[PDB]
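Structure file start19.cif with mmCIF, N, CA and C atoms:
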```cif
data_work
loop_
_atom_site.group_PDB
_atom_site.id
_atom_site.type_symbol
_atom_site.label_atom_id
_atom_site.label_comp_id
_atom_site.auth_asym_id
_atom_site.auth_seq_id
_atom_site.Cartn_x
_atom_site.Cartn_y
_atom_site.Cartn_z
ATOM 1 N N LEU A 1 -6.152 -65.336 -28.944
ATOM 2 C CA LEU A 1 -7.008 -66.356 -28.282
ATOM 3 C C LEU A 1 -7.961 -67.006 -29.281
ATOM 4 N N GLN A 2 -8.306 -68.264 -29.028
ATOM 5 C CA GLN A 2 -9.211 -68.999 -29.904
ATOM 6 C C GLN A 2 -10.667 -68.716 -29.543
ATOM 7 N N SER A 3 -11.148 -67.539 -29.929
ATOM 8 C CA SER A 3 -12.523 -67.145 -29.645
ATOM 9 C C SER A 3 -13.393 -67.277 -30.891
ATOM 10 N N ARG A 4 -14.608 -66.741 -30.819
ATOM 11 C CA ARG A 4 -15.537 -66.800 -31.941
ATOM 12 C C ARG A 4 -16.001 -65.396 -32.337
ATOM 13 N N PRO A 5 -15.791 -65.000 -33.607
ATOM 14 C CA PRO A 5 -16.189 -63.683 -34.096
ATOM 15 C C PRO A 5 -17.642 -63.649 -34.560
ATOM 16 N N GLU A 6 -18.435 -62.774 -33.948
ATOM 17 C CA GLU A 6 -19.844 -62.645 -34.300
ATOM 18 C C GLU A 6 -20.024 -61.742 -35.520
ATOM 19 N N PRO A 7 -19.440 -60.530 -35.493
ATOM 20 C CA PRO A 7 -19.527 -59.572 -36.578
ATOM 21 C C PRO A 7 -18.445 -59.782 -37.632
ATOM 22 N N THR A 8 -18.521 -59.012 -38.712
ATOM 23 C CA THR A 8 -17.548 -59.112 -39.794
ATOM 24 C C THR A 8 -17.083 -57.728 -40.236
ATOM 25 N N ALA A 9 -15.782 -57.595 -40.474
ATOM 26 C CA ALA A 9 -15.204 -56.324 -40.904
ATOM 27 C C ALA A 9 -15.381 -55.257 -39.823
ATOM 28 N N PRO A 10 -14.304 -54.511 -39.494
ATOM 29 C CA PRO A 10 -14.294 -53.467 -38.490
ATOM 30 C C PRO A 10 -15.673 -52.890 -38.172
ATOM 31 N N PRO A 11 -16.398 -53.508 -37.223
ATOM 32 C CA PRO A 11 -17.715 -53.091 -36.804
ATOM 33 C C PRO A 11 -17.674 -52.152 -35.602
ATOM 34 N N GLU A 12 -16.982 -51.029 -35.761
ATOM 35 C CA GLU A 12 -16.860 -50.049 -34.699
ATOM 36 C C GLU A 12 -17.739 -48.844 -34.974
ATOM 37 N N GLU A 13 -18.895 -49.103 -35.565
ATOM 38 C CA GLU A 13 -19.855 -48.043 -35.858
ATOM 39 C C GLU A 13 -21.032 -48.126 -34.914
ATOM 40 N N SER A 14 -21.051 -49.212 -34.193
ATOM 41 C CA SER A 14 -22.053 -49.476 -33.193
ATOM 42 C C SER A 14 -21.589 -48.940 -31.863
ATOM 43 N N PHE A 15 -20.317 -48.657 -31.845
ATOM 44 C CA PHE A 15 -19.656 -48.111 -30.689
ATOM 45 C C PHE A 15 -19.765 -46.602 -30.705
ATOM 46 N N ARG A 16 -20.292 -46.116 -31.806
ATOM 47 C CA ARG A 16 -20.562 -44.699 -31.977
ATOM 48 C C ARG A 16 -22.064 -44.527 -31.933
ATOM 49 N N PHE A 17 -22.651 -45.368 -31.103
ATOM 50 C CA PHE A 17 -24.085 -45.411 -30.888
ATOM 51 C C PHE A 17 -24.383 -45.232 -29.398
ATOM 52 N N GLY A 18 -23.624 -45.935 -28.548
ATOM 53 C CA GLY A 18 -23.821 -45.811 -27.118
ATOM 54 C C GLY A 18 -23.259 -44.518 -26.579
ATOM 55 N N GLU A 19 -22.408 -43.862 -27.366
ATOM 56 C CA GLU A 19 -21.838 -42.593 -26.945
ATOM 57 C C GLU A 19 -22.869 -41.486 -27.072
ATOM 58 N N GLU A 20 -24.025 -41.863 -27.582
ATOM 59 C CA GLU A 20 -25.129 -40.956 -27.771
ATOM 60 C C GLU A 20 -26.240 -41.250 -26.774
ATOM 61 N N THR A 21 -25.903 -42.048 -25.779
ATOM 62 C CA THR A 21 -26.849 -42.426 -24.736
ATOM 63 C C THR A 21 -26.670 -41.550 -23.500
ATOM 64 N N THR A 22 -26.445 -40.257 -23.727
ATOM 65 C CA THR A 22 -26.255 -39.297 -22.640
ATOM 66 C C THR A 22 -25.308 -39.843 -21.572
ATOM 67 N N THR A 23 -24.213 -40.452 -22.016
ATOM 68 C CA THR A 23 -23.227 -41.016 -21.100
ATOM 69 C C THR A 23 -22.397 -39.914 -20.439
ATOM 70 N N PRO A 24 -21.731 -39.068 -21.246
ATOM 71 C CA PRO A 24 -20.901 -37.976 -20.728
ATOM 72 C C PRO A 24 -21.732 -36.815 -20.192
ATOM 73 N N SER A 25 -21.481 -36.444 -18.940
ATOM 74 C CA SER A 25 -22.205 -35.346 -18.309
ATOM 75 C C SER A 25 -21.329 -34.100 -18.219
ATOM 76 N N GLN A 26 -21.968 -32.934 -18.206
ATOM 77 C CA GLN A 26 -21.248 -31.669 -18.123
ATOM 78 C C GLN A 26 -20.399 -31.606 -16.856
ATOM 79 N N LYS A 27 -19.099 -31.388 -17.030
ATOM 80 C CA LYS A 27 -18.179 -31.306 -15.902
ATOM 81 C C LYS A 27 -18.183 -32.603 -15.099
ATOM 82 N N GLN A 28 -17.132 -32.806 -14.311
ATOM 83 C CA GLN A 28 -17.012 -34.005 -13.488
ATOM 84 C C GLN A 28 -17.048 -35.264 -14.349
ATOM 85 N N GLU A 29 -16.811 -36.410 -13.720
ATOM 86 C CA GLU A 29 -16.815 -37.686 -14.424
ATOM 87 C C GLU A 29 -17.808 -38.657 -13.787
ATOM 88 N N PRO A 30 -19.021 -38.776 -14.358
ATOM 89 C CA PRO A 30 -20.058 -39.654 -13.865
ATOM 90 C C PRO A 30 -20.079 -40.954 -14.631
ATOM 91 N N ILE A 31 -18.930 -41.253 -15.183
ATOM 92 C CA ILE A 31 -18.721 -42.458 -15.951
ATOM 93 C C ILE A 31 -17.748 -43.375 -15.221
ATOM 94 N N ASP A 32 -17.902 -43.391 -13.913
ATOM 95 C CA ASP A 32 -17.089 -44.229 -13.045
ATOM 96 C C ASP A 32 -17.957 -44.806 -11.942
ATOM 97 N N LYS A 33 -19.186 -45.045 -12.335
ATOM 98 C CA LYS A 33 -20.217 -45.623 -11.493
ATOM 99 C C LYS A 33 -20.923 -46.681 -12.296
ATOM 100 N N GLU A 34 -21.389 -46.245 -13.436
ATOM 101 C CA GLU A 34 -22.080 -47.084 -14.362
ATOM 102 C C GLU A 34 -21.165 -47.663 -15.428
ATOM 103 N N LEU A 35 -19.896 -47.287 -15.402
ATOM 104 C CA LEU A 35 -18.939 -47.816 -16.363
ATOM 105 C C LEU A 35 -17.647 -48.157 -15.669
ATOM 106 N N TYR A 36 -17.817 -48.611 -14.455
ATOM 107 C CA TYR A 36 -16.726 -48.961 -13.587
ATOM 108 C C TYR A 36 -16.787 -50.391 -13.097
ATOM 109 N N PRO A 37 -17.966 -50.821 -12.687
ATOM 110 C CA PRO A 37 -18.211 -52.165 -12.293
ATOM 111 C C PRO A 37 -18.005 -53.011 -13.509
ATOM 112 N N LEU A 38 -18.004 -52.297 -14.624
ATOM 113 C CA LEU A 38 -17.732 -52.866 -15.905
ATOM 114 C C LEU A 38 -16.294 -53.282 -15.945
ATOM 115 N N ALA A 39 -15.474 -52.317 -15.703
ATOM 116 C CA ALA A 39 -14.044 -52.557 -15.674
ATOM 117 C C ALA A 39 -13.727 -53.612 -14.648
ATOM 118 N N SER A 40 -14.580 -53.637 -13.674
ATOM 119 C CA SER A 40 -14.532 -54.574 -12.604
ATOM 120 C C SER A 40 -15.116 -55.879 -13.056
ATOM 121 N N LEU A 41 -15.902 -55.746 -14.083
ATOM 122 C CA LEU A 41 -16.586 -56.831 -14.697
ATOM 123 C C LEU A 41 -15.614 -57.673 -15.500
ATOM 124 N N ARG A 42 -14.447 -57.109 -15.697
ATOM 125 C CA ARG A 42 -13.369 -57.784 -16.398
ATOM 126 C C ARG A 42 -12.325 -58.242 -15.404
ATOM 127 N N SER A 43 -12.724 -58.214 -14.145
ATOM 128 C CA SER A 43 -11.921 -58.625 -13.051
ATOM 129 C C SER A 43 -12.498 -59.855 -12.444
ATOM 130 N N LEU A 44 -13.739 -59.729 -12.102
ATOM 131 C CA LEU A 44 -14.464 -60.839 -11.535
ATOM 132 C C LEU A 44 -14.703 -61.890 -12.592
ATOM 133 N N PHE A 45 -14.415 -61.516 -13.819
ATOM 134 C CA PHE A 45 -14.540 -62.409 -14.932
ATOM 135 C C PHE A 45 -13.560 -63.572 -14.769
ATOM 136 N N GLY A 46 -12.507 -63.355 -13.965
ATOM 137 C CA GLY A 46 -11.520 -64.395 -13.745
ATOM 138 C C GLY A 46 -11.841 -65.258 -12.539
ATOM 139 N N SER A 47 -13.110 -65.623 -12.395
ATOM 140 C CA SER A 47 -13.545 -66.454 -11.278
ATOM 141 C C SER A 47 -14.673 -67.387 -11.704
ATOM 142 N N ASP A 48 -14.564 -67.918 -12.917
ATOM 143 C CA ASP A 48 -15.572 -68.826 -13.449
ATOM 144 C C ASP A 48 -15.031 -70.252 -13.532
ATOM 145 N N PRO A 49 -15.289 -71.078 -12.503
ATOM 146 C CA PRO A 49 -14.820 -72.468 -12.471
ATOM 147 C C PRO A 49 -15.506 -73.333 -13.523
ATOM 148 N N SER A 50 -14.738 -73.763 -14.519
ATOM 149 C CA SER A 50 -15.272 -74.598 -15.590
ATOM 150 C C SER A 50 -15.755 -75.938 -15.045
ATOM 151 N N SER A 51 -17.015 -75.981 -14.626
ATOM 152 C CA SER A 51 -17.600 -77.202 -14.084
ATOM 153 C C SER A 51 -18.954 -77.487 -14.725
ATOM 154 N N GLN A 52 -18.932 -78.172 -15.863
ATOM 155 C CA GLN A 52 -20.158 -78.510 -16.577
ATOM 156 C C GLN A 52 -20.592 -79.939 -16.268
#
```

Encoded form using structure tokens:
Amino acid sequence: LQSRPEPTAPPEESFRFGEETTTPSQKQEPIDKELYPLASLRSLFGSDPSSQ
């Protein structure tokens, strides 16, 4: 896709930063509440009528 790159060179070291935000909880999966509407956030993303 013809997008725009903000960072330069494999910048996946910042992604090893949010994993330290007490995301994973002991037992069970509590990452389907606060990281689900997200996934959903890539769903509703397909409803933006280009009307400028």

Quiz item: Expressed in Å to a single decimal, how great is the separation between CA of residue 38 in chain A and CA of residue 24 in chain A?
Solution: 16.0 Å

Quiz item: Rounded to one decimal in Å, what is the spacing between CA of residue 48 in chain A and CA of residue 1 in chain A?
Solution: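 Atom-to-atom, CA of residue 48 in chain A and CA of residue 1 in chain A are spaced 17.3 Å apart.
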
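Assigned to helix (DSSP H, G or I) in chain A, given DSSP computed from backbone atoms, are residues 18, 19, 20, 39, 40, 41, 42, 44, 45 and 46 of chain A.
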
To box range 1-4 of chain A, take all atoms listed in the file, fit an axis-aligned box, add 4 Å on each side, and give centre and edge lengths in Å to one decimal, as JSON.
```
{"center_x": -11.1, "center_y": -67.2, "center_z": -30.3, "size_x": 17.8, "size_y": 11.7, "size_z": 12.1}
```

Quiz item: Can you tell me how far atom C of residue 30 in chain A sits from CA of residue 6 in chain A, in Å to one decimal?
Solution: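 Computing the Euclidean distance for atom C of residue 30 in chain A and CA of residue 6 in chain A yields 29.3 Å.
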
Model the absent atoms of range 29-48 of chain A so that N, CA, C and O atoms are present, and write the result as an mmCIF file, in the coordinates of the input.
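New file rebuild.cif:
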```cif
data_model
loop_
_atom_site.group_PDB
_atom_site.id
_atom_site.type_symbol
_atom_site.label_atom_id
_atom_site.label_comp_id
_atom_site.auth_asym_id
_atom_site.auth_seq_id
_atom_site.Cartn_x
_atom_site.Cartn_y
_atom_site.Cartn_z
ATOM 1 N N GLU A 29 -16.811 -36.410 -13.720
ATOM 2 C CA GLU A 29 -16.815 -37.686 -14.424
ATOM 3 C C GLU A 29 -17.808 -38.657 -13.787
ATOM 4 O O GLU A 29 -17.497 -39.302 -12.786
ATOM 5 N N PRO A 30 -19.021 -38.776 -14.358
ATOM 6 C CA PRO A 30 -20.058 -39.654 -13.865
ATOM 7 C C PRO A 30 -20.079 -40.954 -14.631
ATOM 8 O O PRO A 30 -21.088 -41.655 -14.704
ATOM 9 N N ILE A 31 -18.930 -41.253 -15.183
ATOM 10 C CA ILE A 31 -18.721 -42.458 -15.951
ATOM 11 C C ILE A 31 -17.748 -43.375 -15.221
ATOM 12 O O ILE A 31 -16.912 -44.058 -15.812
ATOM 13 N N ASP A 32 -17.902 -43.391 -13.913
ATOM 14 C CA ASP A 32 -17.089 -44.229 -13.045
ATOM 15 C C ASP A 32 -17.957 -44.806 -11.942
ATOM 16 O O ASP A 32 -17.524 -45.041 -10.813
ATOM 17 N N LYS A 33 -19.186 -45.045 -12.335
ATOM 18 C CA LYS A 33 -20.217 -45.623 -11.493
ATOM 19 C C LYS A 33 -20.923 -46.681 -12.296
ATOM 20 O O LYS A 33 -21.027 -47.843 -11.901
ATOM 21 N N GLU A 34 -21.389 -46.245 -13.436
ATOM 22 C CA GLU A 34 -22.080 -47.084 -14.362
ATOM 23 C C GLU A 34 -21.165 -47.663 -15.428
ATOM 24 O O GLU A 34 -21.602 -48.477 -16.240
ATOM 25 N N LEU A 35 -19.896 -47.287 -15.402
ATOM 26 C CA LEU A 35 -18.939 -47.816 -16.363
ATOM 27 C C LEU A 35 -17.647 -48.157 -15.669
ATOM 28 O O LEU A 35 -16.550 -47.980 -16.198
ATOM 29 N N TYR A 36 -17.817 -48.611 -14.455
ATOM 30 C CA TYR A 36 -16.726 -48.961 -13.587
ATOM 31 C C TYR A 36 -16.787 -50.391 -13.097
ATOM 32 O O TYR A 36 -15.807 -51.132 -13.173
ATOM 33 N N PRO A 37 -17.966 -50.821 -12.687
ATOM 34 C CA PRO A 37 -18.211 -52.165 -12.293
ATOM 35 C C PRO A 37 -18.005 -53.011 -13.509
ATOM 36 O O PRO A 37 -17.778 -54.218 -13.447
ATOM 37 N N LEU A 38 -18.004 -52.297 -14.624
ATOM 38 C CA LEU A 38 -17.732 -52.866 -15.905
ATOM 39 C C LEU A 38 -16.294 -53.282 -15.945
ATOM 40 O O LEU A 38 -15.936 -54.434 -16.172
ATOM 41 N N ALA A 39 -15.474 -52.317 -15.703
ATOM 42 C CA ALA A 39 -14.044 -52.557 -15.674
ATOM 43 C C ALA A 39 -13.727 -53.612 -14.648
ATOM 44 O O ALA A 39 -12.779 -54.388 -14.768
ATOM 45 N N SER A 40 -14.580 -53.637 -13.674
ATOM 46 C CA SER A 40 -14.532 -54.574 -12.604
ATOM 47 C C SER A 40 -15.116 -55.879 -13.056
ATOM 48 O O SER A 40 -14.871 -56.947 -12.493
ATOM 49 N N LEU A 41 -15.902 -55.746 -14.083
ATOM 50 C CA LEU A 41 -16.586 -56.831 -14.697
ATOM 51 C C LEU A 41 -15.614 -57.673 -15.500
ATOM 52 O O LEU A 41 -15.902 -58.807 -15.882
ATOM 53 N N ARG A 42 -14.447 -57.109 -15.697
ATOM 54 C CA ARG A 42 -13.369 -57.784 -16.398
ATOM 55 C C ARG A 42 -12.325 -58.242 -15.404
ATOM 56 O O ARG A 42 -11.212 -58.612 -15.765
ATOM 57 N N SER A 43 -12.724 -58.214 -14.145
ATOM 58 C CA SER A 43 -11.921 -58.625 -13.051
ATOM 59 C C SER A 43 -12.498 -59.855 -12.444
ATOM 60 O O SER A 43 -11.846 -60.892 -12.321
ATOM 61 N N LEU A 44 -13.739 -59.729 -12.102
ATOM 62 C CA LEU A 44 -14.464 -60.839 -11.535
ATOM 63 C C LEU A 44 -14.703 -61.890 -12.592
ATOM 64 O O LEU A 44 -15.096 -63.019 -12.298
ATOM 65 N N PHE A 45 -14.415 -61.516 -13.819
ATOM 66 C CA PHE A 45 -14.540 -62.409 -14.932
ATOM 67 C C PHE A 45 -13.560 -63.572 -14.769
ATOM 68 O O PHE A 45 -13.748 -64.640 -15.353
ATOM 69 N N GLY A 46 -12.507 -63.355 -13.965
ATOM 70 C CA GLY A 46 -11.520 -64.395 -13.745
ATOM 71 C C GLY A 46 -11.841 -65.258 -12.539
ATOM 72 O O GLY A 46 -10.955 -65.588 -11.752
ATOM 73 N N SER A 47 -13.110 -65.623 -12.395
ATOM 74 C CA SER A 47 -13.545 -66.454 -11.278
ATOM 75 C C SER A 47 -14.673 -67.387 -11.704
ATOM 76 O O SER A 47 -15.619 -67.620 -10.953
ATOM 77 N N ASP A 48 -14.564 -67.918 -12.917
ATOM 78 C CA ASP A 48 -15.572 -68.826 -13.449
ATOM 79 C C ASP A 48 -15.031 -70.252 -13.532
ATOM 80 O O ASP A 48 -14.382 -70.621 -14.513
#
```
